[PDB]
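Peer 1: once you've seen the sequence and the experimental structure below, I've got questions.
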Amino acid sequence: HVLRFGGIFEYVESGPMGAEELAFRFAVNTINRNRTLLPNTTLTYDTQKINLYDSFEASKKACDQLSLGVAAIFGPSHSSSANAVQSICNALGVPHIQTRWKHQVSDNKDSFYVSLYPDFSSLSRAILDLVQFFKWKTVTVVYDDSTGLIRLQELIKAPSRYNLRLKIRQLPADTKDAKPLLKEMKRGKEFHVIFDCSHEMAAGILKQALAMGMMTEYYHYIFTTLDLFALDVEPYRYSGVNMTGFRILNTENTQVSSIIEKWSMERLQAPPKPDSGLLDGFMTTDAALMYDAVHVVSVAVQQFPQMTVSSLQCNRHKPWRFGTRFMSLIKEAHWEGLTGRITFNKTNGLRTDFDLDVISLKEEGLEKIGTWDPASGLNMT
Amino acid sequence: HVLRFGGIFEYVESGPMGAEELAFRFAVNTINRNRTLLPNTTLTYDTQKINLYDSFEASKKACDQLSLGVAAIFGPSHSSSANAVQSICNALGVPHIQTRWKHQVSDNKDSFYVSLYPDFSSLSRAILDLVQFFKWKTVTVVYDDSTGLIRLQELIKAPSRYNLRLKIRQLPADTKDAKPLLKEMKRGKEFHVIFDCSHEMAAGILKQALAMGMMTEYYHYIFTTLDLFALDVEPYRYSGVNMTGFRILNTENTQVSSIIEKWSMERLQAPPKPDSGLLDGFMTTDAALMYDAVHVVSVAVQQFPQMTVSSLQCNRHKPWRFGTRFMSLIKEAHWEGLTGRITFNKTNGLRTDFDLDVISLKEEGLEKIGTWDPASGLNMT
Amino acid sequence: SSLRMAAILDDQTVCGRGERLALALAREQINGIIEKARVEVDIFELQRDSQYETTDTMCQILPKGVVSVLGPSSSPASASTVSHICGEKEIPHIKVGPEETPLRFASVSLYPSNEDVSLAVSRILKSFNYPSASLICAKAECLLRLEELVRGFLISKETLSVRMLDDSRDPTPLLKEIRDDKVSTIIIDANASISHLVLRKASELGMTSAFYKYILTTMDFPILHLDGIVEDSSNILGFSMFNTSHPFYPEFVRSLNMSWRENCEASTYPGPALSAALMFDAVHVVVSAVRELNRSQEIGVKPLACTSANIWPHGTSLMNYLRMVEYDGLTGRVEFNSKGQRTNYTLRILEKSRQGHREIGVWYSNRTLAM
Amino acid sequence: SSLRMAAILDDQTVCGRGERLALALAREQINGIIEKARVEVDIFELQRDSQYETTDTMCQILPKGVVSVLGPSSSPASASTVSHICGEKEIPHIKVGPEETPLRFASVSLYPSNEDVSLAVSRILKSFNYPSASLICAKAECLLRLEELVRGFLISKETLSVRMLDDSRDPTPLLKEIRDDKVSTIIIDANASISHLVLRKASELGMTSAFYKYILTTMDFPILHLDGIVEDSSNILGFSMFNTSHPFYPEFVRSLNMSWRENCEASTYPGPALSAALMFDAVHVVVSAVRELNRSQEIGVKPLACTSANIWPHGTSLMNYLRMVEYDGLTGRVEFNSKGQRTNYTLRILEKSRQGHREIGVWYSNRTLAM
């Protein structure tokens, strides 16, 4: 017998498939040829690509997927788009796997969805543990206009409870060239800065700081991006400026490095032109979460043989039969994947418990100087 | 009637003719079609190319040129090579025009040669006037192994008379990549540095300083190269680090900018690959002195119609008839060319009197902040 | 043959805000000129703030001959969804309520943008030399609606500290911590409910004295009656847009005052809701722009759908006429700018008292002016 | 059929240094074994230090059957030129004199490199905690020959100051300025002439007291006799290489002592010149390497020229044998290294006195050791 999974991946200028969709087509292709998981069960899926910034179509696409009969739905990888699919799912009691952060309203009354991306509310605490660690008196968090500062609410609470003069500043989401921004920072002796943006935007700022002469041992930047390790810090590793961040990818394991190794022997998406400053050869965390998004569910489904993909119909139908339950099996399932150990909270469902690896910028490049976790605090070296 | 001049230009990897030889073939081509100088006289020359670092051949080549009958001898553009030609000239009483600095022994008993390149002994004073101007207490001059520190003798004398703690350091003439050098400098708070090298070597160090994070408003470098203006300081003009140097090319004149303009409408030597960091479009001072090396002599020859190119023979012959005199006409001739006003000393013959233009690195790029001269001192703005 | 327009309302009917009634009162007045085409307004109730549920609603509005869509006014998610669809249908969207996280654009809003609201609170603190600020955020969105304010000033104990109220956790330890940091100024941000509640357990801590100064960002301040929690020395500011200059204002308040205890007499009538106010003027603004567009180009509405990729030809046209609108309603001057926000309007800062409210000052869309 | 070798000498004959005689004394000793091929040495006088004049000389040496070229020893420019030609002719060049500004390479030097000379003066100051240095440079080349020294220490009034002596300007104001900066240590750098002159007008300023300490870099120190300028407390160091360990040393000094007032008796005989010393050992080193090369490969010298681009086949061969040389001459152990400099030799630091000299210490090519 076979099971039909979901699949919603927005188009990309790269090629036929983005690094996101590839992670899915690669995950549901390893489980089959591996008796370790889902022995007497074969997996299939329905690919449904949509447009960027398009949620309307995303609704009719996700709905059509439920019409063909599916047990779960993956993607899309956009805030608005996935926000729509999330509702259609919780309305028809169908699991909605997510591998990317999205602006979720605090009035979220949904219950059928799970996010593998490290909860930013619990990730912000990891940042604060570094601030107090470096006896920081002041700091200036600079977030991107792409998303509000709600994602950093915990950082804004520190000045109230903890002793720290935080200052907010916004990055020009228009272009990466923001001289005037770095200008005022050097005028206010703002040496302590915390950049909140992906490895793309982040690299676009480092190139500017070097041109601003703000790259010295006087400055110390902390990035929220989990793709810090995948950043060409060659032109800066000789400078002296310190850099700290996190990495959820447990590359300190053979079983983990083995998968990523076979991933680089497939690119499809040709390596981006050397302009932004990305170190080609390392898999992005965006695709890492998608590989673990399939496993975390493949374990919850194996322990629930009594399940048949029913053909639902949005706008007018009734919740899925084996839905309210199959979702509970996912919010309790654990799996040791690429992004460390997976474990959803026993309440909100969001993944607030995980393992990160503190990394700094030494004279050689980027090395791990410790680890972090919600249970323990900070174990440095 | 016509006059035969000299011509000794070493080969170059660039093309058939180097930027040096082109300046000569261009100078002796403008004087002809211009009644302003040498009205009833046409000029010709004998091209004699030699190898690099080769003085032996350079001797037999310069000697053969005297065999064809010549009034003067230009080039070569090498220390050792030109050092040999200089001797053969003073031995046969034949003028030897030079457009490049060379290690001249203090026991120089020669008398038939003239250097248009700003005497480094008198140029060093221009550097000191900037040191005391910026109330500098300490400084670290870093010269290249290519030439001894005798060229900077005046800078080493300051610590004795003037109040200044100077420190000497050598640049790896092997490769431009000298991390360890810039290392020790940042460890000793050596913010005040004076680089003594061409625009090639100089640009090779700036790229390193930026990678060392030593490019900030804390540092202030002073270059001896007269090709400072012809240096792509785009990646640094945004930083904040200050840079000061000199420029003998009087670009603040229409008559001067007109010649250089027609010079860029001929390249022949294709612009160098964007790697070293040279701003293409500006004529090098090396070729500028050669253009003025022909004029400064064309005026001394016009006022001496009684002159016939005799056929001399090195190793065994007698000094040139109209030689001892034609040389005196050159050490007294003045000419307003590209490199400002030309005027040889009334003793050593070396050009110790000239006009330089102080240039600094502001937020826009490189602009002139004043002038300098041996007669006056310093006129800033 | 008629000027129709949908109105996605999420308001209740039993002791609600009175929005469904606000629209009716507007349509009646418009059809009191006699002499052209009538003006009809369709109402579309909403159950729960959900993208899914709202999408189904729009596929019932398009098939009809609509000109514009009003509301929701209390449904953040259900509001953003309507904008997205209205954008790919060229059908103007009169937003009048929530506003979060601002590509296809085609809609105008009467409700004060989060920029003007934050700029207003900033101008108020200006007349106090920016004392020790301490906003009592009620939710996470409290940081977005007041984004321009939080970024404006430094974040510390001496300039501005932010404290969020956990759900089912109430405003207890909060006000306490404020007393520890000798904070005087406090700016609460929540609905009319939490606004009354936070101050309640506050006044019983001496926090109601004249020593402290509060600033409510909630627009439901004029209806927020504080009985037994306020004093004569207390300082509780607020905001309002109700312009008494409109002769129909007295009649408007009359309808809601009676209808309240006429259908749901299980409680007293607080006062004219801000939601109903926006709904009223909204209908007028729409018919106003269409009236002008019917003078230049004959306006024809053709049934659309969610399946068809068709758009309303007179979409972009009406959008320009909904930009040059000049209507004086129960909210002041109704004018829009480039982006489509409301400008050139006043923002009367009211202050509670022993009985009723007292206009202490006013905030313009260019400069502040109190007393 | 013979072992020839040119020797470009620039030394005079009338009251000179006695180099032309030094070579003769060497050849005679070599031809005192009786038993192989003889050893002839051609002499090539030079007039004035000039590249031009020297080039003509080399075109007369090549045509002959030469094996190596010695000197010049007092002609900086005329020396560098000979090296360049010897390089493109594979004909070894035994440099023994000047050294400035160090591509084709093929030559060895007996004269202490500018590195060891500067390192020696550095090791001396070491035993004095590096007092206030103040070198009295005589010329511009004084900065190159002592390059490793000037760069070694900071340049100031408290560590090391350099003062050059202008031509026809004498050592007057100089020593004066030294007294102003309370400088004790002074390191003069010049020939035997200026070395005697600078100290002369110095001793008449109390500069000859034991309070001050001088260090002469000139190698003509053992011959530099100071009569009427020195005292019993004065401190004037120097350098020497004359190894008395050589039994032929006494006979060597004898030849020059008589020949001096035998041809030019218009003055007294100072002492064995360093130039003649190097010339003597030089000839031995050459015949030594050739002797070993004649054991492995038959050595044949074929007439060359400045016109022909030919080279001496046994050039690179002899160069390796001129590297593994071990000769004990009037200068100590004669050994060379990779580059071709002299190493494993001693450097006796002599100190003038009441009458003669006094070996106060010695400097090795690895560590210093005084007293």
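Peer 2: Here it is on my side, so go on. Residues are numbered from 1 along each chain as shown, chains lettered A, B, ... in the order given.
Peer 1: and the closest residue to residue A:290 other than its chain neighbours, how far from chain B?
Peer 2: The spatially closest residue to residue A:290, leaving aside those adjacent along the chain, is residue A:23, at 3.6 Å (C-beta to C-beta, 6 or more residues apart in numbering or on different chains). For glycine as for every other residue, the C-beta is placed from the backbone atoms N, C-alpha and C. Distance of residue A:23 to chain B, given as C-beta to the nearest C-beta, to the nearest Å: 36 Å.
Peer 1: one more: residue A:336?
Peer 2: To chain B, residue A:336 is 40 Å away according to C-beta to the nearest C-beta.
Peer 1: what pairs with the strand or helix carrying that residue, parallel or antiparallel?
Peer 2: Per DSSP states H and E, residue A:336 falls inside strand A:335-337. Strand pairing for strand A:335-337, determined by DSSP bridges: strand A:340-342 (antiparallel).
Peer 1: which residues sit against the partner strand?
Peer 2: A:116, A:248-250, A:292, A:295-296, A:333-336, A:351, A:354-356 (C-beta atoms under 8 Å, 6 or more residues apart in numbering or on different chains).
Peer 1: tell me the SS of the residue nearest to residue A:290?
Peer 2: helix (DSSP: H, G, I helix; E, B strand; the rest coil).
Peer 1: what residues of stretch A:263-271 count as buried?
Peer 2: For stretch A:263-271, the neighbour count (16 or more other C-beta atoms under 10 Å in any protein chain shown) marks A:263, A:269 as buried.
Peer 1: and what of stretch C:49-57?
Peer 2: Buried-residue list, stretch C:49-57, by 16+ other C-beta under 10 Å: C:49-55, C:57.
Peer 1: try stretch C:255-268
Peer 2: C:255-256, C:260.
Peer 1: got the contact list for the closest residue to chain D within the stretch 51-200 of chain C?
Peer 2: Using C-beta to the nearest C-beta, the closest approach of the stretch 51-200 of chain C to chain D is made by residue C:154 at 47.0 Å. Going by C-beta under 8 Å, 6+ apart, residue C:154 touches A:165-167, C:160.
Peer 1: recalculate using a threshold of 7 Å.
Peer 2: The contact partners of residue C:154, taken as C-beta atoms under 7 Å, 6 or more residues apart in numbering or on different chains, are A:165, A:167, C:160.
Peer 1: please enumerate the helices of the stretch 251-381 of chain A.
Peer 2: In the stretch 251-381 of chain A, the helices defined using DSSP state H, counting those that start in this stretch lie at A:254-264, A:285-302, A:323-330.
Peer 1: tell me which other helices or strands the second one touches.
Peer 2: Counting contacts by 3 or more C-beta pairs under 7 Å, 6 or more residues apart in numbering or on different chains; DSSP states H and E, helix A:285-302 is packed against helix A:19-27, helix A:323-330, strand A:335-337.
Peer 1: tell me how far it is from the chain's mean position?
Peer 2: 13 Å (C-alpha atoms, centre = their mean, to the nearest Å).
Peer 1: what number of residues lie near the residue nearest to residue A:290?
Peer 2: Residue A:23: 27 surrounding residues under other C-beta atoms under 10 Å in any protein chain shown.
Peer 1: go ahead and confirm it touches residue A:287.
Peer 2: Yes. Counting by C-beta atoms under 7 Å, residue A:23 touches residue A:287, with 3.7 Å between them.
Peer 1: on that earlier part again, what's the closest of the buried residues of stretch C:255-268 to chain B?
Peer 2: Closest to chain B, out of all of the buried residues of stretch C:255-268 and judged by C-beta to the nearest C-beta, is residue C:256, at 61.7 Å.
Peer 1: wasn't the closest one part of a helix?
Peer 2: Yes. According to three-state DSSP, residue C:256 belongs to a helix.
Peer 1: that'll do, ta.
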